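A.B. asks: So that we are looking at the same thing, I have put the structure below in structure tokens.
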Amino acid sequence: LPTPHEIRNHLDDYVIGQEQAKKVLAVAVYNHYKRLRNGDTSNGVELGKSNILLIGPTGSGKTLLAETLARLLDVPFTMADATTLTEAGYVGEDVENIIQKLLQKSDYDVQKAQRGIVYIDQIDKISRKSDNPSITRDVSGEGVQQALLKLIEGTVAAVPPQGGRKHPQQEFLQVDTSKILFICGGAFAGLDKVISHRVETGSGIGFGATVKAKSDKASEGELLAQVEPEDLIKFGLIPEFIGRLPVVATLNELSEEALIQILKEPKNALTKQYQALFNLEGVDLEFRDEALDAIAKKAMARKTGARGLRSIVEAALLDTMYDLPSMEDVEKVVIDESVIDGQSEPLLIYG
Amino acid sequence: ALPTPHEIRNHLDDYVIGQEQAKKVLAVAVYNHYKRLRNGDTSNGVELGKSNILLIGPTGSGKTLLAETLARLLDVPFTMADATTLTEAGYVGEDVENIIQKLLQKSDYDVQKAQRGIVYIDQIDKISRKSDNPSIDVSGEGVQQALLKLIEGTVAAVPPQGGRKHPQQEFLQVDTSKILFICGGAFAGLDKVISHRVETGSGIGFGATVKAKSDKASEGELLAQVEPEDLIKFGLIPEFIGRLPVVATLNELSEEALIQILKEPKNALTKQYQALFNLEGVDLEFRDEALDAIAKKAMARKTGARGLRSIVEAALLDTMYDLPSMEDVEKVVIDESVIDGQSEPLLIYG
Amino acid sequence: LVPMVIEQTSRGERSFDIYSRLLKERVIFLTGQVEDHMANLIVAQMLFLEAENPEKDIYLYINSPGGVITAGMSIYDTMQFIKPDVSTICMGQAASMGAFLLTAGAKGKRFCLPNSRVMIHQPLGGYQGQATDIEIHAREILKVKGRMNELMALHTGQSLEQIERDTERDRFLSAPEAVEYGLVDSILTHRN
Ligand SMILES: Nc1ncnc2c1ncn2[C@@H]1O[C@H](COP(=O)(O)OP(=O)(O)OP(O)(O)=S)[C@@H](O)[C@H]1O
Ligand SMILES: Nc1ncnc2c1ncn2[C@@H]1O[C@H](COP(=O)(O)OP(=O)(O)OP(O)(O)=S)[C@@H](O)[C@H]1O
Numbered sequence: 064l065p066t067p068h069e070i071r072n073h074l075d076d077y078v079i080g081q082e083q084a085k086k087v088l089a090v091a092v093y094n095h096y097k098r099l100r101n102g103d104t105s106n107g108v109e110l111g112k113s114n115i116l117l118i119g120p121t122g123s124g125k126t127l128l129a130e131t132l133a134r135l136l137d138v139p140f141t142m143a144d145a146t147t148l149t150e151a152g153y154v155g156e157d158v159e160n161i162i163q164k165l166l167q168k169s170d171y172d173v174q175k176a177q178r179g180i181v182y183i184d185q186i187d188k189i190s191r192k193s194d195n196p197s198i199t200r201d202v203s204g205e206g207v208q209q210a211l212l213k214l215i216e217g218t219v220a221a222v223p224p225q226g227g228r229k230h231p232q233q234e235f236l237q238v239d240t241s242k243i244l245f246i247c248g249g250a251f252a253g254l255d256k257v258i259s260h261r262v263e264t265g266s267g268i269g270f271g272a273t274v275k276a277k278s279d280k281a282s283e284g285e286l287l288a289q290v291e292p293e294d295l296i297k298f299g300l301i302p303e304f305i306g307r308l309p310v311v312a313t314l315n316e317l318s319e320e321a322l323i324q325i326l327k328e329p330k331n332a333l334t335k336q337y338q339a340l341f342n343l344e345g346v347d348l349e350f351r352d353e354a355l356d357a358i359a360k361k362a363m364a365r366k367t368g369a370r371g372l373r374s375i376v377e378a379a380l381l382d383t384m385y386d387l388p389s390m391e392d393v394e395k396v397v398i399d400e401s402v403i404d405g406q407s408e409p410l411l412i413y414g
Numbered sequence: 063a064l065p066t067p068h069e070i071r072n073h074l075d076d077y078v079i080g081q082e083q084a085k086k087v088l089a090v091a092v093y094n095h096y097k098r099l100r101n102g103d104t105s106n107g108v109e110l111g112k113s114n115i116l117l118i119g120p121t122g123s124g125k126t127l128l129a130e131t132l133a134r135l136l137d138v139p140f141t142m143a144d145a146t147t148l149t150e151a152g153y154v155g156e157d158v159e160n161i162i163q164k165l166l167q168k169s170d171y172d173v174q175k176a177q178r179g180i181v182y183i184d185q186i187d188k189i190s191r192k193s194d195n196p197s198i201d202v203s204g205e206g207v208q209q210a211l212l213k214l215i216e217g218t219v220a221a222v223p224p225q226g227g228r229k230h231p232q233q234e235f236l237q238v239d240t241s242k243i244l245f246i247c248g249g250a251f252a253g254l255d256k257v258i259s260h261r262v263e264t265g266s267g268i269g270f271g272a273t274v275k276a277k278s279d280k281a282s283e284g285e286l287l288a289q290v291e292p293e294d295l296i297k298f299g300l301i302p303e304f305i306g307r308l309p310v311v312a313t314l315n316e317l318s319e320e321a322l323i324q325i326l327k328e329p330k331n332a333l334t335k336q337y338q339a340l341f342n343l344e345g346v347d348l349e350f351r352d353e354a355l356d357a358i359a360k361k362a363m364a365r366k367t368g369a370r371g372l373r374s375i376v377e378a379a380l381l382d383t384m385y386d387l388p389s390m391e392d393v394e395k396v397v398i399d400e401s402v403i404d405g406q407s408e409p410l411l412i413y414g
Numbered sequence: 002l003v004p005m006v007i008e009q010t011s012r013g014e015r016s017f018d019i020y021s022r023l024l025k026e027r028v029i030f031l032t033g034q035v036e037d038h039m040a041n042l043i044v045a046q047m048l049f050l051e052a053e054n055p056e057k058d059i060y061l062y063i064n065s066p067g068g069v070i071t072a073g074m075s076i077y078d079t080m081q082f083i084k085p086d087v088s089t090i091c092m093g094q095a096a097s098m099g100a101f102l103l104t105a106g107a108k109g110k111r112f113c114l115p116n117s118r119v120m121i122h123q124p125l126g127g128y129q130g131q132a133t134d135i136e137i138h139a140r141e142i143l144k145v146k147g148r149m150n151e152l153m154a155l156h157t158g159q160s161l162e163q164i165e166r167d168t169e170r171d172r173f174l175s176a177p178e179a180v181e182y183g184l185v186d187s188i189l190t191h192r193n
């Protein structure tokens with residue numbers, strides 16, 4: 064029932080500069096409702112489910128989308144992680160835990176749980192270190208991908224209902240996964256190096272060879288746009304797992320102008336956080352536009368995304384926050400551009 | 063009477079394409095299995111052997127699809143297990159006997175009716191032996209030994225229904241000598257082992273032959289030259305391979321075969337998306353010129369038929385996002401240019 | 002003297018000579034007079050690159066005043082036999098035999114530096130002995146001259162009659178004229 068424009072409008076409030084990614088998720092959400100809502104007793108049967116693979120630089124907002132999506136999503140949603148998963152029932156964790164975690168949110172409703180949505184952060188961690196199969200059996204690498212194959216395609220898995228009162232029950236519930244959607248996405252490391260070898264032959268020294276014109280060329284963001292499944296094979300992923308995930312989204316890296324919008328338009332911006340922190344203290348805060356332009360230059364230099372934005376702010380306001388509680392009759396604080404550089408002190412307004 | 067190989071093969075042709083060699087093998091096994099058990103077996107020939115099939119095939123070649131369609135046509139019980147959760151020495155993960163207990167659920171706990179059932183296992187390559195043995201290989205060589213007993217024919221203890229409490233403390237015996245098993249999975253890297261044998265090396269001199277082309281020894285044409293001795297180098301034990309004499313090789317994909325997969329099969333993606341838009345009151349059409357281009361893009365991904373949805377969804381993405389918002393839209397036409405991304409899919413209003 | 006450089010790899014650091022480093026990138030140097038030892042060494046380099054990769058272009062830099070004919074003809078058949086496109090570049094000078102290996106490169110992948118110079122003339126020889134032996138060696142060197150002119154026309158595209166008149170005596174051709182003469186395709190003035 065919800066429309067792609069309506070669902071995207073809600074995400075736009077919390078996410079900026081990821082227009083392509085938003086489209087992919089909106090279609091999946093609409094398709095998921097469409098797939099289930101219809102009886103499916105039509106000429107076409109066993110409708111396919113297109114899973115989603117999210118790729119983007121660090122701190123681009125992948126994990127943020129999963130949290131905001133669950134708020135607007137009515138069907139059950141879960142936020143699991145691929146770091147703790149271990150194959151063959153080892154001591155670490157089992158794959159069924161993802162389903163067991165879903166029932167906690169769904170209140171142990173099997174028919175309602177099969178229609179749920181799943182998110183798995185840090186998917187790159189299970190990638191094979193080398194292109195060739197590991198000599199030993201990796202318990203948190205290739206092995207985990209193998210166990211997910213039958214899960215994403217559709218199967219039945221044992222689920223202890225409620226955990227059980229004691230050994231007395233010793234039974235498990237069977238739940239289907241053929242209809243369950245999966246959103247597996249994580250920031251891959253070193254993927255740009257693999258794509259460069261395959262996109263630009265280069266790597267020559269002679270006259271005929273085309274050496275890179277500049278030191279800074281073939282930016283990380285551009286390479287992801289030209290990603291293909293064959294490139295991930297050299298990265299370590301098995302073709303079997305990738306075949307289960309046809310769609311491959313791309314999140315362009317943050318731009319200086321986007322960060323300025325991130326501090327004002329979003330409701331959870333850092334400016335609004337500290338503004339509320341001092342609001343209870345009876346003190347106001349101000350951030351002029353001239354200060355935001357300087358902060359953008361500093362953030363991209365850290366090559367950490369939006370998550371590295373707090374370091375620029377808090378390093379400045381460190382001294383300020385230390386002296387404000389002791390100080391009295393302080394009603395407003397102003398932070399000009401100079402303060403960010405460290406050549407000035409924030410102006411204070413007294414009552 | 064039981065169906066004939068031509069009738070059973072005709073059914074698979076409706077859902078599977080380009081697997082003529084494999085279809086005959088499966089039909090014969092099915093025909094033999096029905097023929098074997100239907101007869102009392104107290105004839106001139108006694109203790110008839112059971113041929114076990116090993117399905118080797120590239121990714122997305124249609125192995126899992128055959129087992130699903132096969133179960134529909136056959137009346138006898140069928141199960142779809144996986145070699146990922148199997149654990150040796152009865153660990154907490156899963157046991158080999160669980161397959162039998164799961165088989166009874168489909169058969170309603172009928173032992174005489176269960177022995178005539180069929181078994182299907184996937185991801186067999188994951189249980190291969192590893193040269194290095196640092197552990198304290202629960203999912204490797206150990207699982208192979210546990211299956212051998214099942215394939216050779218023996219009875220395994222199975223608690224019927226799980227039991228109400230400790231009181232019962234009993235298990236049912238279900239022979240397995242008559243049960244057929246189809247263990248097949250897409251092996252990874254097998255071409256390299258076979259390549260060393262048939263290539264005969266790459267001499268650098270004039271007379272010696274080198275890999276002139278970038279690719280050579282095509283996976284489809286290479287797997288046909290597979291032998292049991294090659295699988296030993298991969299990690300499988302010869303005893304386990306001895307229990308599976310039959311072997312079926314599958315060609316990955318044929319450019320012309322892909323065109324048929326989008327039109328002839330009932331579960332084709334085109335028919336799936338066509339029905340997806342039928343409820344929305346919009347029709348869909350696919351020109352033949354567009355399907356030829358999709359094949360070239362699909363083969364480039366080296367993912368088989370499963371990698372085809374990426375090409376379709378990548379095009380219709382923009383459409384599906386603006387289609388519900390749009391009104392008075394009665395038909396959509398997809399051209400070849402739309403796939404490349406140069407053009408935009410055409411729409412027809414009414 | 003030959004300087005040593007260090008090439009950084011994932012496994013570790015490895016020390017290579019300047020000539021060996023360029024060979025790893027499919028680059029061969031043709032320096033000095035063309036003799037049996039220098040020629041027999043280059044053939045092994047070409048074959049080695051063919052086996053490693055037969056689909057990547059090879060680059061051959063020529064700076065030599067020419068030399069023996071028979072040593073150079075072994076290279077011509079080798080460049081034509083193998084599948085990879087042998088790119089040729091002229092640095093400094095290209096004499097009679099140096100020019101033949103230059104034009105023998107792959108069509109469309111031949112370049113000459115802005116200040117390079119090419120010179121072409123007829124084969125040189127001589128013999129001392131009976132008149133019967135002089136006639137034998139004279140007929141032999143004449144076939145080579147005829148054979149070398151036919152191949153020069155084949156790659157340059159000019160007519161055999163034109164090659165006969167231009168090769169009667171020494172003829173110097175500047176870098177721009179080489180393009181107009183069909184010997185090369187373009188000039189690598191600056192990096193783009
Ligand atoms: N588009 C955005 N708009 C506003 N804040 C953003 C945006 N993207 C990221 N952030 C900030 O970055 C924080 C973390 O974002 P994440 O979703 O974790 O990014 P990420 O791609 O998931 O990085 P990883 O892989 O989880 S370490 C959020 O809490 C926001 O403060
Ligand atoms: N011959 C075919 N005709 C039509 N669709 C096919 C064909 N082969 C494969 N497919 C499609 O591929 C899907 C999965 O095929 P599979 O049987 O799983 O191939 P596979 O060899 O089992 O790959 P693995 O090993 O399971 S990852 C099916 O649901 C079909 O949509």
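Residue numbers (PDB author numbering), protein chains in the order written: chain C, 64 to 414; chain B, 63 to 198, 201 to 414; chain J, 2 to 193. Just so you know, even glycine gets a beta-carbon here, dropped at the ideal spot from N, CA and C.
1) By DSSP, does J:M153 sit in helix, in strand, or in coil?
2) Of the residues J:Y62, J:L114, J:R22, which one's Cα is nearest the Cα of J:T190?
3) List, in chain order, every chain C residue whose beta-carbon is nearer than 7 Å to that of J:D186.
4) Run through chain C and tell me which residues come within less than 8 Å of J:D58, C-beta to C-beta.
5) Under 8 Å, Cβ to Cβ, is there at least one residue of chain C near B:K366?
6) Is the segment 116-126 of chain B touching the segment 358-378 of chain B in the sense that three or more CB pairs, one from each, lie closer than 8 Å?
7) Using 10 angstroms around the beta-carbon of C:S190, count the other beta-carbons present and answer buried if the total reaches 16, otherwise exposed.
8) If the cut is a Cβ gap below 7 Å, which residues of chain B does C:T199 touch?
9) Ordered along the chain, which non-local residues of its own chain (more than five positions away) have a Cβ less than 8 Å from that of C:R351?
10) Less than 8 Å between the C-beta atoms of B:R307 and B:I215, yes or no?
11) Report the rounded CA-to-CA distance for B:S318 versus B:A84, giving the unit in angstroms.
12) Taking the alpha-carbon of B:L355 as reference, which of B:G267, B:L165, B:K327, B:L99 has the nearest alpha-carbon?
13) At a CB-CB cut-off below 9 Å, which residues of chain C make contact with J:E14?
14) Using a threshold of 8 Å, state whether the C-beta atoms of C:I305 and C:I246 are closer than that.
15) For J:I135, does the count of other Cβ atoms within 10 angstroms reach 16, so buried, or fall short, so exposed?
16) Could you please tell me which residues of the segment 297-318 of chain C, in chain order, have their CB closer than 8 Å to any CB of chain B?
17) Name the chain C residues whose beta carbon is nearer than 7 Å to that of B:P224?
18) Where in the segment 222-257 of chain B do unbroken runs of the beta strand (DSSP E), each at least 3 residues long, occur, reported from the N-terminal end onward?
19) Scan the segment 17-41 of chain J for residues whose Cβ lies nearer than 8 Å to a Cβ of chain C and list them as they occur along the chain.
20) Specify the secondary structure class of B:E319 as computed by DSSP and reduced to three states.
21) Go ahead and pull the three-state DSSP assignment for J:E8.
22) Can you list, in chain order, the residues of its chain whose CB lies under 6 Å from that of C:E303, leaving out five sequence neighbours each side?
23) Helix, strand or coil for C:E400, going by three-state DSSP, please let me know.
24) Which of the three DSSP states, helix, strand or coil, is assigned to residue 1 of chain J?
25) Is B:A276 close to chain J? Criterion is C-beta to C-beta, closer than 8 Å.
26) For residue 199 of chain B, does the three-state DSSP call read helix, strand or coil?
27) Determine whether the Cβ of B:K395 lies closer than 8 Å to any Cβ atom of chain C.
28) Which residues mark the beginning and the end of the alpha helix (DSSP H) in which J:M47 is found?
29) Please list the terminal residues of the continuous beta strand (DSSP E) segment that includes J:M120.
30) Any C-beta of chain C within less than 7 Å: which residues of the segment 361-390 of chain B qualify?
31) What does C:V290 reach in chain B if we use C-beta pairs closer than 8 Å?
32) Could you check the C-alpha separation between residue 34 of chain C and C:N114 for me, to the nearest Å?
C.D. replies: Inspection of the coordinates gives the following:
1) Stepping through the third sequence from its first residue, residue 153 of chain J is reached at position 152. In the structure shown, J:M153 sits in a helix (DSSP, three-state: H, G or I).
2) Mapped onto the third sequence, residue 190 of chain J falls at position 189. Answer by Cα proximity: J:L114.
3) Locating residue 186 of chain J in the third sequence gives position 185, counting from the first residue. None at all; the shortest Cβ gap to chain C is about 12 Å.
4) Counting from one through the third sequence, the residue named residue 58 of chain J turns up at place 57. The contacting residues are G271.
5) In the second sequence, residue 366 of chain B corresponds to position 302, counting from 1. Yes, its Cβ sits closer than 8 Å to a Cβ of chain C.
6) yes
7) Residue mapping note: residue 190 of chain C aligns to position 127 of the first sequence, counting from 1. Buried, because 16 or more other Cβ atoms sit within 10 Å of the Cβ of C:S190.
8) Taking the first residue of the first sequence as position 1, residue 199 of chain C is located at position 136. Within 7 Å Cβ-Cβ: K192, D194, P196.
9) Against the first sequence, residue 351 of chain C aligns to sequence position 288. Result list for C:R351: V397, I398, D399, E400, in chain order.
10) The residue labelled residue 307 of chain B in the question sits at position 243 within the second sequence. The residue labelled residue 215 of chain B in the question sits at position 151 within the second sequence. Contact flag set, yes.
11) By one-based count along the second sequence, residue 318 of chain B stands at place 254. By one-based count along the second sequence, residue 84 of chain B stands at place 22. Between B:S318 and B:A84, the C-alpha separation is close to 15 Å.
12) As a working mapping, residue 355 of chain B is identified with position 291 in the second sequence. Here the closest residue by C-alpha is B:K327.
13) Here residue 14 of chain J refers to the residue found at position 13 when the third sequence is read from its first residue. Residues of chain C passing the Cβ test: none, with the nearest at roughly 18 Å.
14) Residue mapping note: residue 305 of chain C aligns to position 242 of the first sequence, counting from 1. Residue mapping note: residue 246 of chain C aligns to position 183 of the first sequence, counting from 1. No, these two residues do not count as a Cβ contact at 8 Å.
15) What you label residue 135 of chain J is simply residue 134 of the third sequence in a count that begins at 1. Counting Cβ neighbours within 10 Å, J:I135 comes out exposed, since fewer than 16 surround it.
16) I301, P302, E303, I305, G306, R307, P309, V310, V311
17) As a working mapping, residue 224 of chain B is identified with position 160 in the second sequence. Per Cβ cutoff of 7 Å: no residues; B:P224 is ~13 Å from chain C at best.
18) 236-238, 244-247
19) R22, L23, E26, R27, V28
20) Here residue 319 of chain B refers to the residue found at position 255 when the second sequence is read from its first residue. Correct three-state label for B:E319: helix.
21) Stepping through the third sequence from its first residue, residue 8 of chain J is reached at position 7. The answer is strand: DSSP assigns J:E8 an E or B state.
22) Position 240 of the first sequence, counted from the first residue, corresponds to residue 303 of chain C. Excluding sequence neighbours, C:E303 sits near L212.
23) Within the first sequence, the letter at position 337 stands for residue 400 of chain C. Three-state result, C:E400: helix.
24) A query on residue 1 of chain J cannot be resolved here, the shown segment of chain J reaching from 2 to 193 and no further.
25) The sequence position of residue 276 of chain B within the second sequence is 212, counting from 1. Chain J, which has a Cβ nearer than 8 Å to the Cβ of B:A276, makes this yes.
26) Missing here is residue 199 of chain B; chain B as given proceeds from 198 to 201 without the residues in between.
27) Within the second sequence, numbered from 1, the residue matching residue 395 of chain B stands at position 331. By this cut-off, B:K395 is not an interface position.
28) Counted from its first residue, the third sequence places residue 47 of chain J at position 46. Its alpha helix (DSSP H) spans residues 37-53.
29) Stepping through the third sequence from its first residue, residue 120 of chain J is reached at position 119. Segment 118-121, the beta strand (DSSP E) holding J:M120.
30) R365, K366, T367, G368, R370, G371, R373, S374, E377, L381, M384, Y385, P388, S389
31) For the purposes of this step, residue 290 of chain C is taken as the residue at position 227 of the first sequence. None at all; the shortest Cβ gap to chain B is about 11 Å.
32) Examination of residue 34 of chain C is not possible in this model, given that chain C is present from 64 through 414 alone.
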